[PDB]
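Naming convention: chains lettered A, B, ... in sequence-line order (proteins, then strands); numbering from 1 in each chain. Quick note: numbers below take in every heavy atom, side chains included, and nothing from hydrogens, waters or symmetry partners.
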Amino acid sequence: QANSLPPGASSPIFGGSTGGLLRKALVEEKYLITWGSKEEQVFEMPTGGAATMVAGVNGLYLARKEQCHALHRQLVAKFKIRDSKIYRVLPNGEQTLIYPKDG
Amino acid sequence: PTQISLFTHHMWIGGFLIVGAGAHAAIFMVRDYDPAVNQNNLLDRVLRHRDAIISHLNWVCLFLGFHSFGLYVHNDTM
Amino acid sequence: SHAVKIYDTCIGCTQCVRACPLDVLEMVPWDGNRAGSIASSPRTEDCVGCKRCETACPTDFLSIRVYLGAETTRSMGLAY
Amino acid sequence: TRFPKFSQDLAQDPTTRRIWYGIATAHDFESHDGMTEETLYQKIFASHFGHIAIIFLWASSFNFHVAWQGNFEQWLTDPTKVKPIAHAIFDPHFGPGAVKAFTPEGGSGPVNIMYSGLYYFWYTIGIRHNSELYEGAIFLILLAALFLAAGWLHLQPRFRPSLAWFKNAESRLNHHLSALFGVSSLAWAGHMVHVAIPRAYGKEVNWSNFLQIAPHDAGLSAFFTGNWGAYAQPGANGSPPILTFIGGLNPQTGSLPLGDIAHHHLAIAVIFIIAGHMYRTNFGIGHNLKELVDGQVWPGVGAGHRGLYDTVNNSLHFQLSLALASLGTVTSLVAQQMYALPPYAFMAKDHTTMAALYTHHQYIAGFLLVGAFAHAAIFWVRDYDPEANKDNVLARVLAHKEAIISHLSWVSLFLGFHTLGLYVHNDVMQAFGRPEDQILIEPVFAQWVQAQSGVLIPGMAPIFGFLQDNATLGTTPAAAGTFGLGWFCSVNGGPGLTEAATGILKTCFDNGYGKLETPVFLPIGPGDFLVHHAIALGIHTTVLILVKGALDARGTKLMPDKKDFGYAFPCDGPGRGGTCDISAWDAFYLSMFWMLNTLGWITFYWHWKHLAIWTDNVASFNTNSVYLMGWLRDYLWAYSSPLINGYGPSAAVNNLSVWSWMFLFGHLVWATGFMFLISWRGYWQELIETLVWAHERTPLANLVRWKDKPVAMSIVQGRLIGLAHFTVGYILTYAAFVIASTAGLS
Amino acid sequence: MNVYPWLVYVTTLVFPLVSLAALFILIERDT
Amino acid sequence: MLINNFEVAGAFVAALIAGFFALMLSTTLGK
Amino acid sequence: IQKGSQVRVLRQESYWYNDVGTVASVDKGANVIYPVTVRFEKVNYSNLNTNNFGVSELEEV
Amino acid sequence: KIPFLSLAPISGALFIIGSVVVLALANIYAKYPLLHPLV
Amino acid sequence: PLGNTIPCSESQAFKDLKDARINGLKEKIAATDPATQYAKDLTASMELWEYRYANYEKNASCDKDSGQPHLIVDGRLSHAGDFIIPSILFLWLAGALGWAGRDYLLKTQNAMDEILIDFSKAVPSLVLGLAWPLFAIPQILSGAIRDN
Amino acid sequence: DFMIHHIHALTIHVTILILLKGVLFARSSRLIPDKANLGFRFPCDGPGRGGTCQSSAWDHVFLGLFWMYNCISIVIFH
Ligand code: CLA
Ligand code: CLA
Ligand code: CLA
Ligand code: CLA
Ligand code: CLA
Ligand code: CLA
Ligand code: CLA
Ligand SMILES: CC(C)=CCC/C(C)=C\CC/C(C)=C\CC/C(C)=C/CC1=C(C)C(=O)c2ccccc2C1=O
Ligand code: SF4
Ligand code: SF4
């Protein structure tokens, strides 16, 4: 609805927390990380708790760019995923890439 | 002096070990927490609403401080 | 936003881009060292000022300097 | 988010930091947006006009409240019994006990008992009516109105002046020494000869009759013919002397004699009008300050003082550092001459006024000194140019800054190691039942200064002795009468000495130098030695912190480019070891505690020495000041008794219950400081993040939103708020003690 | 006594809260 | 003898002149 | 300035200003602004003891 | 260098205790002076 | 007799403090058994205290009013044992410790040896510490080191 | 006794607030998402994002020691 993934990305299985999005994601900006997993594997949320990512492309909406970057560095340091793309999402739905810029 | 000193000593040793309890629960959280072990259990679901716990603790701490020490300050003032 | 400057004392040790939790910095080719590269900051609007790139910089005095400036939502680190 | 308009960088902050930093950078006019140097100096000039008028409206308040609801004319009928009254109380929170407690006998309601010495001031300067207090109130309100109208006038573009008018410094020095310091001293001498001296001796002179009544009956013919001495004689048909030099204190009032005040304000007025003739203005003659400063060179200081004219003149922070250092040294001198030589009648017997006034001026003096060295460090970060100051004395004390910091370090550890060791030794010796093994050092040198001053000190003598009348010093070998007698019988007067027996020069005794309380120089001993070394430790460690903050403000080995980060910044982060409290603001911040500790030791000393005098128990000071349980018990525990019994369940309240409440208030504010000082930022940021979550999810309440985002206070702000609470609690706790312990002596 | 107590109510209680409301309007409105 | 209400009113007239000049100075300092 | 020569550092912002270190390697590329690697007996505040300096910032003792 | 007594805590602490014992026997031998007796 | 200080020979309050403590001792000996380790320690304390007041007597310690011994520091040879002699004893032993630690640093120049004290380089540093002026005066007259 | 026991409830609850906020926010927060990689015992993550002073769980043990002192001192004074 208000937090809709791009087509091609499936949601990871998470029972939803209280560390996540607030009114700023409705009104100013939010951030979106998409990564590619080969299997279903258990990762720590940057906002508290644990989630399971399914095989395929997983997308997750976070309030800050550092939460997405910490999730990406945890995916590198534990589960060896290096194709996370971090986007900046405006409230009108315009999409821009912010990590990596170089390619 | 035995009564004052035994009560006072065992109170202080008790308070020190409770702060150590909080210390090693935090040290477990940094070092020995595994997301692979704790899915949807009591320990994982506590982290999942930790803002609610700490904010409600913040409110009851404010309530207790007003409704005990402001009574003492009222008694000072009157 | 905080202002990030990289001087000519940089040796291209690839440590300030790994220690950054925000991806402010990147490596461009350069001619003044053995490594062939210098750090640069094209994304200073996302910098929070956390000084992790200055803890990791291995020179005498730090080749990168972040200056604390005007504060925003991103630079105060707010999730709200 | 338009506030603050003077900083666009602050205005686009979306958090609560915007308001706090707009308040805190409101008077840093140099760092504001679009600020030029002309606009800087003219806004500072009008701010000064506004502040001078705040001082005058504050001064008019005293006159109005004592004329409207004081007891001044009732206090002239009996100055020794009935207490001065500040103003009356309207607080609707009072119950019946406090309403009758702050009401005096014969009064019709609750009032504040004045502890500032204004009645003694107004008696000595010759106010005898509430109507004169009322015309003083009217004149100060209109003089404030004139100064606000002048500031308003000088922000209009015909009367705004130029930077050349601000940076002249020749005409400014000439006119301040001539008119501001000299003509006003001459005018106060004229007031003392016309008004205060004849209203002391009955003869009341006011604004209707001042043109007809002369101050001396050989009037203005003794001026021009060279017979100046007839003002110092008793003269014919009345005419008490208006220009005289008794010296010391007056016996009959216990205060300074008024003719000596008038002659002082004549003489230093003449010296200040001559001193304002030195510098070069538009008549050709004078000293130009650029060639006068830049011509001080001798070959141990290199380039000498070249370029220091522009260094002082273009930098307002150097000028304000000198002004605050001089003004605080003056304010300490004010505090230390008011107890020593009291200037106003019946002030020395009002003990708590002397306590409150000394402690007032000394704490304010410590503030002005720490602000002087603060603006020294601010000069170092913002205004110092190494190339305009090539090899002058300022660059050399930047060059060997390591020596000054390490030697202040050595003096501070020297003093603290040995003062603490002798005090803790004295504690151990009184603990082990052995007060005659204490290390007890008679202050030989300060008693020797007393001996050349005129105090006996019966094994010490002046080096050049006394003259043939045995009261004049050998170092003042003229004037047998005029000031051997007055100064000698002042500095050896007081109770306990100059008794009826004597056998030496104190046999004379009939001028009245035994009805004075306290000697002019107090007797001193080993506790006085030890607390003077504690005072020296406090001053030296405060100078260490401040000189280290000034000289390391540009850069060090740990942070070489510190001046690019300004005066007040938090740190440079946890790297290279960690850099907490690195800024020169942080050395202001840490010296502030040491200043409060220093001035605590100074006023603790003044208070216990004087309360031991006032309770006739100087043996308690001389026995218990050498060790520190004596300071805890016989000063702090013993004199707390009328303070903490200001109110209670079993005795009904008295007039000291407000000081009791303010004592506990200051304890609360002081310890509330400790929260901001010990607990630091990231805890409070994470706590406020939980509070943000709690507010946006509570229904009936998430519909109310902030416009500035709730954040924790900054690092420098957490330090500054903890320091402000520490300092407010310090001053209110000690003001409560130093007034309630002494007003509750009885 | 010689008290204007209504003036104490105005300038110590009403006018400070007046002033803080006016300063709130100064510091929270855009232009 | 204390001060009556008429002279307090005269002091308030003087303070109104002072308050007007303060109000002018504070606003032109605010420019 | 060759391998194993004691040098004094003339850089003002250095930790090792007026301190003497050992030259470990000199870079032979002329494009390098600071080619001379100096190792020190004392470390800085980040527990490191090597730096690259230039030629003009070093004094031979 | 010897085992366990060459360490700086041990050498420093035995220096502290040895100085305090030599000082205590000096105070016992001199009958606890405040000054050096000249007469 | 200097200012607010007279010596012990004509001091009344020193004589009062002395008699008060000697009579308190005589009452504490006279109420106890002489073979129970309390009384011989009190007689040792009695003999020690009589020697201490005789010591305060004969070398001129100095009192007034509160009767306790005040010490005079400006360099009199009559009161030379107050300052001048424990001054040069302090200079001797503190210069011994400072010169021993300084010479230990000059001979070691090693980081293991500051936490593991080599006694063969520490105790001769202490012995030349016991004669430090003869080794420290010509190095003041020579000069130490050029640093800024 | 009512008022002193509510003082006691206040001081126990604030010591709980400090140590439990150390425990549950040991690993991550909205401020520092990667706090577990910084460890249990770190000083801060810099003066940026406003300043992260005493954000470690160790520092919550550090603050809870003073608050335990407060708690046990009022218990033994009562
Ligand atoms: C005496 C000093 C002092 C005071 C008053 C406080 C007060 C407080 N602390 Mg603190 N703290 C202190 C020292 C102090 N601390 C020190 C030294 C440290 C360093 C270790 C800390 C570290 C610390 C931490 C880490 C935490 C606190 C928390 C709190 C809050 C607790 C909640 C509560 O008590 O309810 C009510 C408030 C009071 C009892 C304060 C007095 C209120 C008065 C009686 C009411 C005033 C009436 C009215 C408003 C006045 C209007 C006047 C007008 C002119 C303005 C409270 C505001 C905790 C918190 O935030 O929980 C909510 C928190 O986690 N403190
Ligand atoms: C003639 C004297 C004088 C003048 C003109 C200045 C002028 C200046 N100073 Mg300053 N200073 C002085 C004396 C002076 N100072 C003294 C005496 C001290 C020692 C206390 C200081 C220490 C000092 C420091 C550390 C700094 C300055 C700074 C400044 C600059 C900006 C001030 C500002 O914007 O924020 C205004 C100040 C505040 C908002 C602080 C408010 C604190 C209040 C007054 C305390 C009261 C607390 C509470 C309300 C009391 C009520 C208690 C009751 C409820 C019980 C400005 C040029 C700052 C600067 O950066 O320089 C360029 C700076 O960092 N000063
Ligand atoms: C029982 C008495 C007693 C005690 C316990 C102390 C204890 C102390 N003193 Mg000392 N002192 C005393 C009596 C005492 N003092 C007397 C009677 C004098 C008068 C002569 C002094 C004069 C004195 C000086 C000048 C110094 C001390 C210092 C010290 C501290 C370290 C000294 C040390 O040995 O460490 C080990 C030794 C070293 C680390 C190096 C030796 C340095 C010595 C102390 C001075 C020699 C330097 C030089 C030759 C002479 C100095 C010039 C001087 C005239 C200014 C220490 C806590 C130092 C201090 O206070 O720190 C600021 C210090 O420098 N004292
Ligand atoms: C710096 C402050 C200071 C100063 C100046 C003093 C000074 C003194 N104290 Mg004292 N004390 C202090 C702090 C201080 N204390 C503190 C902080 C405490 C609490 C721990 C005490 C507790 C204390 C007690 C309980 C007693 C003293 C006593 C004394 C006195 C006798 C010391 C003496 O002469 O021994 C004798 C010196 C000699 C015989 C000279 C010979 C020295 C030999 C040659 C070397 C010994 C020095 C040393 C061990 C180094 C080793 C050298 C090596 C080569 C072997 C002396 C006047 C005693 C006393 O009676 O007071 C009047 C005593 O009863 N103090
Ligand atoms: C640097 C340390 C220092 C400082 C800041 C002070 C400061 C002060 N002292 Mg003082 N004093 C000191 C050391 C110090 N003293 C020493 C080491 C002694 C001998 C025990 C004394 C004995 C002394 C007496 C008897 C008196 C003072 C008094 C005072 C106060 C008034 C000024 C004065 O008389 O100057 C005089 C200061 C000196 C002559 C000493 C200057 C500092 C020297 C140069 C440090 C090195 C001393 C050296 C180690 C001594 C040994 C030399 C040689 C025998 C080996 C003042 C606040 C007076 C007072 O208490 O007021 C009520 C008082 O009359 N002092
Ligand atoms: C930040 C904290 C810090 C810490 C942990 C240290 C720690 C240390 N410093 Mg240090 N220092 C510091 C800050 C610090 N410093 C600062 C800020 C400065 C100023 C720049 C210094 C300057 C400094 C100097 C100049 C020196 C040290 C030294 C030392 C080492 C002392 C070794 C020791 O005590 O055993 C003491 C060992 C002995 C006393 C050996 C003698 C024992 C005898 C042989 C045993 C036989 C005696 C027998 C039992 C009989 C007893 C009787 C007796 C009277 C003889 C130690 C590891 C010293 C060192 O290098 O180590 C030697 C040293 O020279 N420091
Ligand atoms: C070899 C030991 C040694 C020597 C020769 C010195 C010498 C000096 N110190 Mg230093 N210092 C030392 C150790 C030493 N220190 C240690 C271990 C510390 C950490 C506690 C310090 C902390 C220190 C400070 C903060 C200051 C000095 C200062 C000074 C200078 C002034 C004189 C003085 O007051 O001394 C003071 C000495 C102390 C405060 C430390 C007490 C004495 C220590 C414990 C002696 C070390 C014993 C050592 C282990 C003995 C080894 C024996 C060997 C044979 C194994 C002077 C050159 C001052 C200065 O800069 O003057 C301009 C200054 O402010 N020192
Ligand atoms: C316009 C205006 C001012 C309106 C009034 C606005 C209104 C209703 C009340 C006024 C605000 C009040 C009363 C409190 C908020 C202050 C606060 C964020 C405190 C938490 C905090 C503490 C306790 C520390 O110890 C500390 C230490 C070091 C760094 C940071 C901190 C820190 O952040
Ligand atoms: S200060 Fe922190 S966020 Fe900014 S560039 Fe450096 S490491 Fe990255
Ligand atoms: S700035 Fe420092 S950390 Fe970054 S590449 Fe250069 S030397 Fe390495």
Step through the atoms of chain J and chain B and list each donor-acceptor pair whose separation is under 3.5 Å.
unit_1	atom_1	unit_2	atom_2	d
J/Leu24	O	B/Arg50	NH1	2.7
J/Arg27	NH1	B/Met29	O	2.9
J/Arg27	NH1	B/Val30	O	3.2
J/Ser28	O	B/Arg50	NH1	3.0
J/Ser28	O	B/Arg50	NH2	3.1
J/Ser28	OG	B/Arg50	NH2	3.3
J/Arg30	NH1	B/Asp51	OD1	3.4
J/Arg30	NH1	B/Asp51	OD2	2.8

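With a 4.5 Å cut-off on non-hydrogen atoms, B/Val60 touches chain J through its side chain but not through its backbone. Residue J/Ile16 touches chain B through both its backbone and its side chain, counting heavy-atom pairs closer than 4.5 Å. No part of J/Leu38 comes within reach of chain B, as not one of its non-hydrogen atoms sits under 4.5 angstrom from that chain. Residue contact with chain J, scored on non-hydrogen atoms closer than 4.5 Å, involves the backbone and the side chain of B/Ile54 alike.
Of all heavy-atom pairs spanning B/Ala26 and J/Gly22, the tightest one is CB-O, 4.0 Å. Taking both residues in full, the closest heavy atoms of J/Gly39 and B/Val30 are given as C-CG1, 3.5 Å, listed atom of the first, atom of the second, then distance. Closest of all the heavy-atom pairs between B/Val46 and J/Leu24 is CG1-CD2, 3.7 Å.
The candidate with the highest count of non-hydrogen atom pairs below 4.5 Å against chain B, out of J/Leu17, J/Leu20, J/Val75, is J/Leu17. Interface remark: of the candidates J/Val23, J/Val61, J/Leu19, J/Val23 forms the most heavy-atom pairs closer than 4.5 Å to chain B.
A heavy-atom distance below 4.5 Å is found between the side chains of J/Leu65 and B/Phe16. Residues B/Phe63 and J/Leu10 fail the side-chain proximity criterion, which asks for heavy atoms closer than 4.5 Å.
Note that CD1 of B/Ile18 is 7.0 Å distant from CD1 of J/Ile72, once rounded to the nearest 0.5 Å. Atom CZ in B/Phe69 sits 7.0 Å away from atom CD1 in J/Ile7 (nearest 0.5 Å). To the nearest 0.5 Å, atom CZ of residue J/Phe40 and atom CE of residue B/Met29 are 12.5 Å apart.
Partners of B/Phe66 by ring-ring contact (aromatic ring centres under 6.0 Å, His included), not counting sequence neighbours: none found.
Within 6.0 Å of atom CG in B/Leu42, 12 or fewer heavy atoms from other residues, nucleotides or ligands are found, so the atom counts as exposed in its surroundings.
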